[PDB]
Amino acid sequence: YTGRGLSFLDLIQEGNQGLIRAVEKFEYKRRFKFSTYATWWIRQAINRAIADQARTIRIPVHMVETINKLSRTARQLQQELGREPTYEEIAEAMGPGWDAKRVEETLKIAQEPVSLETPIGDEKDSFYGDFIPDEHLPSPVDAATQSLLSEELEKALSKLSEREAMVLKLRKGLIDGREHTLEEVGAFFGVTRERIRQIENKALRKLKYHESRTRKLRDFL
Amino acid sequence: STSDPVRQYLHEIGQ
Amino acid sequence: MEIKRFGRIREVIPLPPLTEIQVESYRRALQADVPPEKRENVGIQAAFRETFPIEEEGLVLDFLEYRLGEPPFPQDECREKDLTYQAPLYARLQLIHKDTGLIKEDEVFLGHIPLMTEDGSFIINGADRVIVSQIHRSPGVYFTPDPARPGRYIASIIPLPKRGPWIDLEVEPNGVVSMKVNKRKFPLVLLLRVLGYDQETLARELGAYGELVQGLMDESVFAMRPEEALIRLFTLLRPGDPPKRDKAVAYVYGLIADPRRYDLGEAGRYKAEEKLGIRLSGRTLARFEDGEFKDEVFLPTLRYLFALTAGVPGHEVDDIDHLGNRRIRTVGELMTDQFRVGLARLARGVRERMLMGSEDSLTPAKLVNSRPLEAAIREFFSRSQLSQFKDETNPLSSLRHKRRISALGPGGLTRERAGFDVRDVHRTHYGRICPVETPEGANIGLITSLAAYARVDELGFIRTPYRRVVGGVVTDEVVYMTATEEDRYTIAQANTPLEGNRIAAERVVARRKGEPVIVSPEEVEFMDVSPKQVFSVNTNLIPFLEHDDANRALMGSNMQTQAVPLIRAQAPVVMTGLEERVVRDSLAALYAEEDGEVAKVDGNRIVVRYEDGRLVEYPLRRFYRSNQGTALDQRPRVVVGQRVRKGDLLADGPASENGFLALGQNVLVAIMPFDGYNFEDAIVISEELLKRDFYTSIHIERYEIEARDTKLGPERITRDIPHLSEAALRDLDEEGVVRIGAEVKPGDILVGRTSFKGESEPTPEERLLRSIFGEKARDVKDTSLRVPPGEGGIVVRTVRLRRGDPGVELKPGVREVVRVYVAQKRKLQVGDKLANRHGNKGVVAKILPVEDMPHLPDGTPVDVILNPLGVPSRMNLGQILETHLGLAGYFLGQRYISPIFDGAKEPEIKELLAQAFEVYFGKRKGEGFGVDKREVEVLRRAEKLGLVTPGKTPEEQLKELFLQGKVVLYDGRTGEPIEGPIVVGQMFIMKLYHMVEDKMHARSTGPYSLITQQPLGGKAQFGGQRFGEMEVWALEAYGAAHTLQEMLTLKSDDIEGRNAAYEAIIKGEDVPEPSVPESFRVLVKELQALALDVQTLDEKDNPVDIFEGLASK
Amino acid sequence: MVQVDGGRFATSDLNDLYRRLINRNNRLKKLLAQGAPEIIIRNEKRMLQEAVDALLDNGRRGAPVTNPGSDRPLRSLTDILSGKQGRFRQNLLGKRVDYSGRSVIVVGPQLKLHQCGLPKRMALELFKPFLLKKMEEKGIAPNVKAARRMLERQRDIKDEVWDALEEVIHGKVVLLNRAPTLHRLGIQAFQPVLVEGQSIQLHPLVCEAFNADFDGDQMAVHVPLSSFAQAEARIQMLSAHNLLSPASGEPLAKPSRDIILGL
Amino acid sequence: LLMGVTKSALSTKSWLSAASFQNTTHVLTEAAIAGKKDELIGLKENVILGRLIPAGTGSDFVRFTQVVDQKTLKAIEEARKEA
Amino acid sequence: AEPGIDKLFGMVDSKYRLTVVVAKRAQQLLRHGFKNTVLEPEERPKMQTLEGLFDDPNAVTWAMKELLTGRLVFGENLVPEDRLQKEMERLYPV
Amino acid sequence: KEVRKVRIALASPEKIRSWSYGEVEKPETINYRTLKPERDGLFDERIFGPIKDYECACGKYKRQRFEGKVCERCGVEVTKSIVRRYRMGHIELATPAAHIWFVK
DNA sequence: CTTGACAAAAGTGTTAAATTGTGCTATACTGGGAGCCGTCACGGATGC
DNA sequence: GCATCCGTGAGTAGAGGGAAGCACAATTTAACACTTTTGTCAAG
Ligand SMILES: Nc1ncnc2c1ncn2[C@@H]1O[C@H](COP(=O)(O)OP(=O)(O)OP(=O)(O)OP(=O)(O)OC[C@H]2O[C@@H](n3ccc(=O)[nH]c3=O)[C@H](O)[C@@H]2O)[C@@H](O)[C@H]1O
Ligand SMILES: [Mg+2]
Ligand SMILES: [Mg+2]
Ligand SMILES: [Mg+2]
Ligand SMILES: [Zn+2]
């Protein structure tokens, strides 16, 4: 079983677990030799360990069996057709319930990740990780745009009334980060939900008129 | 000597 | 324009095919066209007969024959579809049951073998590649002295690489001889006992040399049985392993006597027989037959060692750097070596598959799994050091790449561990390896070139031709010989004077074992064919090479590879004579197969009616992009109805002019300083070069994009990109691709693509922003392909590949891929690099208008101004002589051919200048003009410098200056003459691949690394510049503390500092104070992973937190 | 363990080394609970010790652990921190920086000692944050965000942007660097002059200190940002202020080549 | 006692500067057992931590210099003294 | 060379002290919008623009020219740091 | 408040456990179909932190108002995602193992 | 400012379908395979 | 002395490169039917 993802010592240790199991279940009344019955358990333990520990991204045993069958089928077709088979040819030979779409999806699943320390070029100074940018942390340009938008938005809110500004800042979630519905806003201010609906819309329409006359908030969209 | 863990294990089980 | 030829040496043979090192070796390995019953035991045929038959030890698998099929796709299709040009391989096998005696035969499919093109290159995954030959130590038996102790020698037996271990025979200080295998030392007497040797046999053969035999006469091991000695030997070789005979005989036999594990090779066996004077039946150290081991080479090796120590005249040490002890492994041998490795793995799978599962019902097809064989072959052609991306900047570039010899690679030397001995020029390189062509730097002396006349023999040894001399007369018989055979003769020089075929000089310069001697004509046995056989092809293209220093000649030959094809390229005024053959052997141009008449001429095709009546149509390659980005095109050179003979030129290839190699332009040059614009190798050019489209080249760039399947949805190539105006979408067609013929600039869109944005929580601010404007968001974003900064041109081609197309093998999840080709015409500008064939190089620093350039008295301005300060220190006088011959040919309207070391001399050049003066000055007299007033003033100073003879007429003195290559030159700015005569002439200058437009780069902010959070590197990645350790030392020495802290934190990896710095500048403020860099935080965490506690403290030793409480529980 | 522009994943070698240690540690727990013989237990304990060694320092003892399907050793924690490619010499004593560029150099004979020639296209990117503020101050752009969108497309750049770029660099200096930097004179400060073209213009008198000629050499450009950084460069690092050799005291900027020949 | 340059640089007090030179494993092992503290005296250690180096404009001899015009000085001096 | 560089180096005991004085003074000018300058109206540095001749925006250039006049006082332990900024703000609102 | 010195010393087993936010019990990295981190693995969000700022692994909290809060269903703390560069875990060995630095 | 009174959206509960995890198979079978020298040359520290 | 072991060897750039199947039990996921929310159109 060597050369399938586990080292030789790892294979031996996993096989030893199967040998222990066979001792408990062995029955000597049948007059069969021990090696006849213990071979089944030793092979099973090694096979299950490979399907569980040989991949960085673990795949369920049922899908691992499907992948092995898919590769074995493709090899037989290749030596008969004299060329690499297509997805349609593999799917037809695979059996009922298989189409070319399922063949391609299975092959995508069976792809292993590549190392970040893989050397590129003959000189040993360049690696794969030297060409992968980071897309998670915001860039300095993106961070500065957010600050400019916030300071201009709060400047426009000052044109509204004191009560009108607070309604918009709560109904949109500019405090604590959470949007607040007409109920919790009403609970905080002691008013109904139909009243807040009108004043929230009323403050929105006054902002639209101001923006059209200056064009100070359009470039941010 | 003892640089091969596989050789070390084989000697032990041979006793 | 007539061509005048110089020279006296008459060459008896022409140059051999220049690519036969690649083409011939691969033909021998494949043996595709020879009938199977007549195939020799070489190449892959020998590999089949070595692994087969496969025996279970009763099932036997036997090999009968093989065949190769037609390639599935043509070469042009493979390049477009990223395929490999290869042919299928089938093997005819039979299975024999030893018990029953039943035989079944069937043909099994083994895989594909890459095919070599007609020019000698491969197409791997759609890309052109070249396999570079390897040089290494030849196998055999060698004898070297012991450096530690004088008077002692060591005998070594070297097999083929990865085909057995080395064996060392050494005499120990105690007198007992030792044999060392696999870093283990043991007495040779023990091994000799296994080989069935008695003391009487040993004493008879090796007892007549001295006291050495006394150490080979032990008696404790002697009386022991050879089988008992065999089990004792196995204990020493394999400590700890249980001592079983089946485990012991299977180890000794497989060490020195197994043809499947030990291979001396054809070269090694031949060398051993020649040195030891014996006849080897096989290629193994010993042969195992009749249950006993038989000696083959150990006794003759030990006999030579004992005799050498005694001091017999017939024994000598071996030089390991001697070219008779070094051989070449060609592409055919390198591929076969990997073929045998893959075949060995196939046999292992067959053996284990025939001992389990359906034993009675077995077929050869079921037993054979060809996947290990295909994997090993594809690895050699893709991920090997000797398999290199093809260099095709110009036709000469690809010719040189195929003739290079490398000492690196698997089984070779290492760039860092190579000493001075291997990098030096040996005396045996004469006529076999070029002494000047090599890369300066860490690869000097490790990568070389084959000589022009040299050729590799069947055993891998380089040979050079010589002319037989008998009785003092030179004959026309030519003999090719190796370095070891060459040492036995006295070989004269090719420049020896001859009266017909008889040597005329009484004193002859010759070589004896590499040393120069003076001998009489009666002592001469061989003669050199030509001076050209000493150098390579690139070096043979440099005229007046004998006047150039070797260091500068290295640059001249290397830089010819980097010349770019030009739209108006022309052949040099002064040539050496190899220009025609280089174009012919590169297969870049088109020639007539036989006599006929041209029927149809077009920019795309040529049709010729041959005499026998068949019609042949030749498609021409137009505007094709090479690996380097240069444009390769073929221009027809015939008309309809023109009669052509066999071999006549039909169409010129890249960098060729009427069948002559054309790597540059011929320009008028003045050698003089000019206002500091010639400072330190800088070059001044005229604007008139740009007006006539001189030094103009065409380049093509390729862009690619893909549409994939995603969990969120499929990417679509479309014209409907959100939030884009009509101006940006003007040049795209309905399918979202840019139309052919449109001009594109940086920031323009080449192909439009949309992606599904995915799920996310719009910031609260953007929530209000979108509510005010009443704009519902879309589910897709812009992911289109745009022109990178500093690029652009004209769209000339678009390629679209879709899933399910015939021959298109896309990766899983990929729907389609689009490729766009953009072409630009590049004119000469400031910063471009120019060079000539003598090693003079520089960049253009100034472009002047025509009225500013110095001009001749007739009004003709010069084109290029060169600084004379670059000549004296470099000692390359060939450019000066080329300029002098160029001036004479400018007025006479003729070109010249001067072979290296035998060509034009100063007396011949000065007589041509005399005729050129009669048309340069005689024309003026007829028109009615005398001598200029300004010319009189310059002549007055000329005699004060001793340049002209006083008392002569002004015309006679002007002729004296002309014979020295100097003319009176006027200043275009003032109209006054230069105070001294200036050397003016015609020179050949090339434009190099390195251009400023491909190297300028800048960045303010951009992508950052994943772990270190530092800016990436490289122009293609829009990266930043590296501020290394030595740069930090410079700022420290200046005392610029705040400047250094900015680069360490604010501009590299202080995330909070770099965000705040950007926002401060755009608001008109000053940058804030820096903070702790992110790289130091990574170092602390990595040290904690090693169970080390690293803590930052304060003035009072209290811990200070540098993680802002984000990691404190 | 990150996804890339395509669909495939990339991960570091440390994840494999951690997986081996966990797999062997968990197997020893199960073996102990089953009352396995001492021979089996002793093999597992020896394998656990070797797994810890590979994670900390791979290859120090025994054969190095390699990934299946290849002969390349896995990078351990010790390999990350040590060597020329380690954390210290590659990321702590030296870094890649922003506001930097590179181009081919040519000779400028008309420049003063304290001047250099900077291409306009390079200067636009090098001083981009300063230029966006300047365009906003004038009527070129309404805001910084709209100003940045204009510079994205080459055909969208008006002629008034180049006038604003002149005002931005007024009085500022940049740093020029040529590798290898043998001494501190390999970095000097110059007052840039905007030129048409793509190559940097270098004063003839500073070539000897840089050991630079004009047969293909390139150079790097850096921009000091703050007032402190500008003051240090203009006072301590200006080319016109460093005329004598720090090693011997003899002049280092002096006539040479054609200048000596003419005089 | 007399030492070479390599041995003298490896015996310095600061473990941060010694570890970045060479023999990093040996340096770190000895420093960890002894519990060494680095006082950040030289130039290399301040570069690693991104701090201002104690030389040039970063030296304590000139770092704390103040600049003020006479108009501000006269107002500052008088206001505090007369009060 | 910077104008008056020889005279500036002769005003300080250490050449790095001159850089500190210039850099700190330049920050003061930028903070108060050049309203705290000690230069006369005819002594202000100017730059040539297409529209006309305007004030020099480079604060380091202003600081070097102010030091040559001799109206600036520099040294260590001159005034308390807090007292300096608060007094400057009251005299030069910005 | 300013760093003035750096100390290096040995770490006890008790100190190593005080650094860790949890024990890694499985070698699994991420799920093969969802591509999400697996529980008790080398990338678990309950140990090292959330993938994105202020969002648990069960889609119940998505706001900054719950600063320093731990979800009662998934156990992921509602905080910044940058903590995944600083938070460490630990593995409890069945038998002690020596440090190779102090041996070789 | 509020009540009413829908209408779509968000929330909840149940459940079948899909996916994932775990145990077992009785002729007899009982110590690995791969590698192969221009083995890099030179100080420095340590063990004996 | 002399044998054994161990760490060290200039910088920047580019440019290619990149081998079983089955049954059965738990467990998770997706579809779908009510049901409380919560924004809204219209008065007053
Ligand atoms: N303006 C002046 N410029 C120069 N010297 C002037 C001047 N004025 C007065 N002097 C005086 O003259 C003496 C020199 O006189 P000289 O005749 O010997 O000079 P030269 O003509 O040979 O020019 P040079 O550039 O040295 O040639 P090179 O070796 O090919 O340069 C290749 C360069 O590439 C670099 N490189 C290469 C490969 C590699 O792996 N790593 C690597 O870093 C490396 O930087 C190398 O240097 C001077 O000391 C001075 O006192
Ligand atoms: Mg090179
Ligand atoms: Mg030079
Ligand atoms: Mg140069
Ligand atoms: Zn949750």
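Protein chains get the first letters and strands the later ones, always in sequence-line order, with residue 1 at the start of each. Read the numbers this way: they start at 1 and go in the same order the structure lists the ligands and their atoms. Both backbone and side-chain heavy atoms feed into the values below; hydrogens, waters and symmetry mates do not.
Neither side chain, G:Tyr21 nor C:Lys1113, offers a donor N or O lying under 3.5 Å from an acceptor on the other. For the residue pair C:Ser536 / C:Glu437, a side-chain donor-acceptor distance below 3.5 Å is found, with atom types taken as modelled. Side-chain atoms of C:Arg400 and C:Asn558 form a donor-acceptor pair, as typed in the model, at a separation below 3.5 Å.
For G:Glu77 and G:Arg87, the salt-bridge test passes: some basic side-chain N is under 4.0 Å from an acidic carboxylate O.
Considering the Zn ion (ligand 5) as centre, the angle to SG of G:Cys71 and to SG of G:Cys56 is 140° (10° rounding). Annotation: angle subtended at the Mg ion (ligand 4) by D:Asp213 OD1 and D:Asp215 OD1 is 90°, to 10°.
The Mg ion (ligand 4) has an N, O or S atom of D:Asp217 closer than 2.8 Å.
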